[PDB]
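>>> give me a 3D structure for the following:
(7 chains, ligands or ions: 3)
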Amino acid sequence: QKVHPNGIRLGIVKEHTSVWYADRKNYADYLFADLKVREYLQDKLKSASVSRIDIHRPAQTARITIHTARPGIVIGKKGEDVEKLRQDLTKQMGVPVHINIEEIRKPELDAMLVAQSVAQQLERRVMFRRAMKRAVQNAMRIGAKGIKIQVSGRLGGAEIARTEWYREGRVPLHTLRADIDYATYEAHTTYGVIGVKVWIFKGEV
Amino acid sequence: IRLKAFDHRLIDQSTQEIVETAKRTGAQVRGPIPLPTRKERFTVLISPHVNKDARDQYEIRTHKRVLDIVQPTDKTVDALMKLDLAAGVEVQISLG
Amino acid sequence: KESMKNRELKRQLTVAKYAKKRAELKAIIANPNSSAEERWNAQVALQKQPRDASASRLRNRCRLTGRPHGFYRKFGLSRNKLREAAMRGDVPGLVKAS
Amino acid sequence: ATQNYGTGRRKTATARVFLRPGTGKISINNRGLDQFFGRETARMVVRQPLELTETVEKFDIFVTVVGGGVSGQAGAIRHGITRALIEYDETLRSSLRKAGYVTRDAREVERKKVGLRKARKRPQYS
Amino acid sequence: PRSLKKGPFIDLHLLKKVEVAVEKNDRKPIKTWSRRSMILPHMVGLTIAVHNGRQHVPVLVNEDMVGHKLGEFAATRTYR
Amino acid sequence: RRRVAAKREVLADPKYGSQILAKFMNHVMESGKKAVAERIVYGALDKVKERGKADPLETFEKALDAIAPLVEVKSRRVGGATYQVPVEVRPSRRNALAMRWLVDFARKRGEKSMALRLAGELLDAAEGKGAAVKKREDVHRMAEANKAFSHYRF
RNA sequence: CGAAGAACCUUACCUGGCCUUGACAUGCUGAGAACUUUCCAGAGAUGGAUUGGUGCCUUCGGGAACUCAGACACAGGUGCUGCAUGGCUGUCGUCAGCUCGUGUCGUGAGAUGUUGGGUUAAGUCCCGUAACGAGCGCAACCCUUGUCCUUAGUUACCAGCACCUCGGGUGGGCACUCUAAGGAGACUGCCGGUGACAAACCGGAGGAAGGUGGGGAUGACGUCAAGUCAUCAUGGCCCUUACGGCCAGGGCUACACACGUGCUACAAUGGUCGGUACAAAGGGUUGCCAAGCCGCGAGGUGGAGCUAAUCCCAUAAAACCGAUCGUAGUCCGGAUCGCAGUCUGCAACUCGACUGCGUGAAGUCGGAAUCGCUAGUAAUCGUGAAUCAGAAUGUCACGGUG
Ligand SMILES: [Mg+2]
Ligand SMILES: [Mg+2]
Ligand SMILES: [Mg+2]
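Numbers count the residues shown, from 1 in each chain, chains lettered A, B, ... in the order given. Ligands and ions are numbered 1, 2, ... in the order given. Below is the structure in question.
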């Protein structure tokens, strides 16, 4: 059922989030670094929303480009968090670490940034649909050509597992030529676990 | 010279970054030669609790690529190695 | 469990702790030119070590999950954490093919 | 010159066939033709495009074939020599298009698929 | 099995609880959980309490028991 | 059932120069053992030339046409009564019926020296005392008891 | 069938031995650097000895680092709920459908579009028409195989050239095969007939390929409160001097029976012996483990070469040639079982795999029934990989003959 919309297009649309060659004797000693970096960084940057954390390995050290749509929260008073983490990313990843920060201008057209706001609204006890009818039209005044948002879970009920489904525009999924974003962020309410899926469709080719 | 990377939109696009940037400095470097390709299939099971006949199988590639100088007189590419390494290319040197 | 990862963490210490004498005690026995008197007292030093030093007691579990079955050694991941981490573009050079 | 180069592939085989004027010199991998293909009907199948175009006595034939199976190499020569005979002209083109010799046989082996056991055989249920 | 390069097998704590326990002769059974070791002509005629799995059972050592290990003389599974 | 089936052709017999014998050779081959089955068909061909002075192709040409039948039944059920209808055997089909009957009775001949089993089968059918000829004519007798059902509820 | 590997470990269960802020997290109070102790008791857990070590940054005050004890919150749970749920997969089904906007008809639930004629693998198209449009799907976009062209020549390649010890061995060559990058080629294009001449259909030429060339990935709205709380994540509920931890042995491999898949066989399209011919694909510096060498044989020595188109794994088997075998429960078949060995591992008793020697069974093509497959396909013969100290008749994968 609906094979993951990145794993079919690694190639014709998108590329990896981490590029580095490794021998067969060190391949599984760089993965375990790069997988507990991403669990570390998102638990620290719970605010100052983060979409993508890329990692390059040049000759013998590192490079990391953390993407936020609000860089001023992370770079606060000239890198009081930047040099503080750069001391302490080396303690998990023994090479010296670079940290680079870009902007995510138009923050309402990347799926991770959108779906983090859905968990925020649905844990403030906002209505399950008034939160989302406004979170699609706002992401259609500027930008995209199609948006699907599925909201599944407890949805407040007693024994209820309904799925909200609202769509606008055009979203293909069996065209490999197209360009689709995808993100699943969850939510822990005072009862039940709500999972949210987002399918922002940018332009094709 | 021998090169190892993971996608042909880097490693066969960095040879021109070496062939042009060494033949400019006088020394003759011939055309690069392809090698056979590493191919490794990984068939993994997909269901958490068991249903065996649903599977999924991947493949990891490794492209190789060999250069060939004629007259070694340039240490220009020795300084221009951090330029010619970009993201995932490894270069072992065989300066023939 | 979590108490079960912890007891198979210290097995990896005790194997990598001694790790050199047991090469020597198995260098003595394996020689055809070795004398059995030099072999018989070498048998004494093996069995008086704690038995959690051999590699056969060691069990390569998944590093992020801990599940025993479904482990690969070209990665460090399980059978079902490897799929979720590969669809998100993390593992470099890995695609689907035919 | 008069040396003519002919290649031909069938069932993962590959045959270098050289063709030049001579007197019945049929040699393959420094072996005679009757000695190389041991006890099969394909000893005559390599001659079938040759005796169709009435040139069985008028050429030297030097063949080097690699890979493939036993009777798959014999088909590689038969496809291989037909490409070498049509370097001359297209007089024998219609004599071979009608004969069904020029087209390379595309039928290659098929891969094992999951759930199945062979390429298409699947286990028995009840 | 257990090829003749590495000839015998016996356990270390069992050996000192037998070879010294020969010097004061058979007035007690030997209670031992070990089952991986053979019996030897240094031990002909003793009394061993081999661990069943939930108790110890006595063993009358004879002269023609020499090659076989202790495991063939303790039970495992009942099947009444 | 859209009609699909095209035609594939096998016609190769260089050491004798024949066409019917090559198609007959395919009904003897088991599991792709072609070179084994090739020397048995020639092995039962030369014993006929050892037996009869005539060219043993014509013995094989005669032995087909005394095993090959003319009409046969076809149990087309009306949907409430099981009927059988004697039908005219198509001229393309009637070659393979004899060649398939011939081999299956050779395997139960019960002799020694396997090429002698098939040798005796091709000798009898130039006369009519073969078990394939007796199996031919018995099915011929089944059609005339069936001949009442030739057109009517057929 | 989770299980891509149960001798112990894994392992949850059983019998005991043994712990109580705990194997682990944070906060508190003291204590010492950490370390090394090469020792006995004990099945071990553990308990007690135990030469030694005395760091490290110093506002020189100490700090941080580790290790030991005390006490509190607690830690922990493979305990119940898959009908409290997220996540992830099966299924109908790769089946051709499933819906919306505006409009009109109907008191209303509805309906129309989406029906009719033709046609298609196809809700694919054409002509029609109170509906006009739009989305999801189908098609194409992707991969691979088959033809040719360009760019490229070592470790690959040998047509031309000498060389040779006759091995591309060597000089050499860039013709080639091969390898892999980038391209062209196929569109009912063209010919004829057929249809409303309109989609299309039947023939035809050319062409490596002819009518989605062959294969693969790609499974719509949904269904079965289908499955999983034991992969992981979580609401609640219980245990918290044990439903949690620690260590030995045992166990999951027991055994009148019944059912499911799978392998050999039942012979002469065979069985042995002696020669002899041709593959793809893949793994290997915590490894492969050659030559020589000793063994009836599995192997033991021996240590090269090797970080890989180089070195090793590594000998493809069926086929072919000659011989015997005369259709006999057998020069068939190999289960069982006695004896003797090697290999891994601390350890082959319950419980490993192979080797030698001996013994030789049932089985003479198998009821009612019942399943797989339309072409490089069924059928038959080998080879490799993952998991892995050791251990495949299974799983995945590649080729022969056809
Ligand atoms: Mg039908
Ligand atoms: Mg409909
Ligand atoms: Mg193994």
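>>> so residue E:34 is in contact with residue E:9, correct?
No. Assessed by CB atoms under 8 Å, residue E:34 is found out of contact with residue E:9, at 10.8 Å. Bear in mind the C-beta positions are built from the backbone N, C-alpha and C, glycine included.
>>> how about stretch D:104-119, does it get close to chain C?
No. Stretch D:104-119 lies out of reach of chain C by CB under 8 Å from any CB of the partner chain, never closer than 8.8 Å.
>>> which residues are contacting that stretch?
B:43, B:53, B:55, B:57, D:8-12, D:75, D:79, D:120, D:122-123 (CB atoms under 8 Å, 6 or more residues apart in numbering or on different chains).
>>> how about the helix or strand containing residue B:39 as PDB, C-alpha atoms only?
Assigned by DSSP states H and E, residue B:39 falls within strand B:38-45. Coordinates of each C-alpha in strand B:38-45 appear next as PDB, following Å, rounded to 0.1, in the frame of the first residue of the first chain:
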ATOM      1  CA  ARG B  38      30.200  -3.600  -7.900                       C
ATOM      2  CA  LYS B  39      26.500  -4.600  -7.500                       C
ATOM      3  CA  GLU B  40      25.200  -5.900  -4.100                       C
ATOM      4  CA  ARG B  41      21.600  -7.100  -3.800                       C
ATOM      5  CA  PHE B  42      19.800  -6.900  -0.400                       C
ATOM      6  CA  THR B  43      16.500  -8.800  -0.100                       C
ATOM      7  CA  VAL B  44      14.800  -7.800   3.100                       C
ATOM      8  CA  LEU B  45      11.600  -8.800   4.700                       C
END
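>>> after it, next one along is what?
strand B:55-66.
>>> that following strand near RNA strand G at all?
Yes. Interface with RNA strand G: strand B:55-66 contributes B:55-57, B:63-66 (CB under 7 Å from any atom of the strand).
>>> does the helix or strand that that strand is followed by reach chain A?
On the C-terminal side of strand B:55-66, the closest following helix or strand by DSSP H and E is helix B:76-79. No. Using CB under 8 Å from any CB, we find that helix B:76-79 stays clear of chain A, coming within 13.2 Å at best.
>>> what packs against helix B:76-79?
On a contact count with 3 or more CB pairs under 8 Å, 6 or more residues apart in numbering or on different chains; DSSP states H and E, helix B:76-79 meets helix B:16-23.
>>> quick one on the thing from earlier: which one among the residues of strand B:55-66 next to RNA strand G gets closest to residue C:25?
Nearest to residue C:25 out of the residues of strand B:55-66 next to RNA strand G is residue B:64 (CB to CB; 43.7 Å).
>>> quick check, residue A:196 in a helix?
No. Going by DSSP: H, G, I helix; E, B strand; the rest coil, the assignment for residue A:196 is strand, not a helix.
>>> which stretches of chain A form strands?
Ranges of strands in chain A, per DSSP state E, are A:18-19, A:50-56, A:63-68, A:100-102, A:146-152, A:163-164, A:167-169, A:183-188, A:193-198.
>>> didn't residue A:57 look like it was pressed against residue A:63?
Yes. Between residue A:57 and residue A:63 there is a contact at 7.4 Å, judged by CB under 8 Å.
>>> more neighbours: these two, which one.
Neighbours per residue, other CB atoms under 10 Å in any protein chain shown: of residue A:57 and residue A:63, the larger number sits with residue A:57, 20 against 15.
>>> got the phi and psi for the closest residue to the more buried one other than its chain neighbours?
Nearest residue to residue A:57, sequence neighbours excluded (CB to CB, 6 or more residues apart in numbering or on different chains): residue A:20, at 3.5 Å. Phi and psi for residue A:20, reported as degrees, to the nearest 10, are phi -170, psi 140.
>>> now do the contacts for residue A:20.
Residue A:20 touches A:30, A:55-57, B:87-88, C:92, counting by CB under 8 Å, 6+ apart.
>>> quick check: the residue nearest to residue C:4 when sequence neighbours are not counted vs residue A:40, distance?
Distances taken as CB to CB, 6+ apart place residue C:66 nearest to residue C:4, at 7.3 Å, with adjacent residues excluded. Distance, residue C:66 to residue A:40, using CB to CB, to the nearest Å: 19 Å.
>>> closest point of chain B to chain F, which residue?
residue B:53 (28.6 Å; CB to the nearest CB).
>>> neighbours of the closest residue to that residue other than its chain neighbours, just the number please.
Using CB to CB, 6+ apart and skipping the chain neighbours, the partner closest in space to residue B:53 is residue D:115 (4.4 Å). A count of neighbours around residue D:115, defined by other CB under 10 Å, yields 10.
>>> show me where chain C has its helices.
C:3-7, C:10-18, C:21-29, C:36-47, C:82-86 (DSSP state H).
>>> now chain A
For chain A, the helices defined by DSSP H occupy A:27-44, A:71-74, A:82-89, A:111-121, A:130-141.
>>> what is the neighbour count of residue A:29?
When neighbours are counted by other CB under 10 Å, residue A:29 registers 11.
>>> quick check: it vs chain C, distance?
In this view, residue A:29 and chain C are 8 Å apart by CB to the nearest CB, to the nearest Å.
>>> for that residue, give its distance to chain F.
Residue A:29 sits 51 Å away from chain F, taking CB to the nearest CB as the criterion.
>>> picking up where we left off before, who wins for proximity to residue E:24 among the helices of chain C?
Taking CB to CB, helix C:36-47 is the member of those nearest to residue E:24, at 23.8 Å.
>>> what's the closest non-adjacent residue to the spatially most central residue of chain F?
Centroid-nearest residue in chain F: residue F:98, 1.5 Å away (criterion: CA atoms, centre = their mean). Among residues not flanking residue F:98 along the chain, residue F:67 sits closest, at 3.8 Å (CB to CB, 6+ apart).
>>> OK, contacts around that neighbour?
F:97-98, F:101-102, F:125, F:130, F:132-133, F:136.
>>> got the contact list for residue E:10?
Contact partners of residue E:10, counting by CB under 8 Å, 6+ apart, are E:37-38, E:40.
>>> ugh, wrong one, I meant residue A:97
A:61-62, A:64, A:86, A:89-90.
>>> how about the strands in chain F?
Using DSSP E, the strands of chain F run over residues F:71-72, F:87-88.
>>> nearest residue to the middle of chain C?
residue C:58 (4.1 Å).
>>> equivalent analysis for chain A, please.
Central residue of chain A (CA atoms, centre = their mean): residue A:112, at 3.3 Å.
>>> contacts only, for residue D:9.
D:15, D:76, D:79-80, D:104.
>>> that one and residue D:78, how far apart?
Distance of residue D:9 to residue D:78, computed by CB to CB: 11 Å.
>>> please apply the same query to residue B:69.
45 Å.
>>> does residue D:5 count as helix, strand or coil?
Classified using three-state DSSP, residue D:5 is strand.
>>> actually residue D:78, not the one I wrote
Counting by three-state DSSP, the backbone at residue D:78 sits in helix.
>>> show me where chain E has helices.
Under DSSP H, chain E gives helices at E:12-23.
>>> related to what we said a few turns ago, closest to residue A:204 out of the residues of strand B:55-66 next to RNA strand G?
Set against residue A:204, the nearest of the residues of strand B:55-66 next to RNA strand G by CB to CB is residue B:56 (26.6 Å).
>>> which residue packs closest to that closest one, ignoring adjacent ones?
residue B:46 (4.9 Å).
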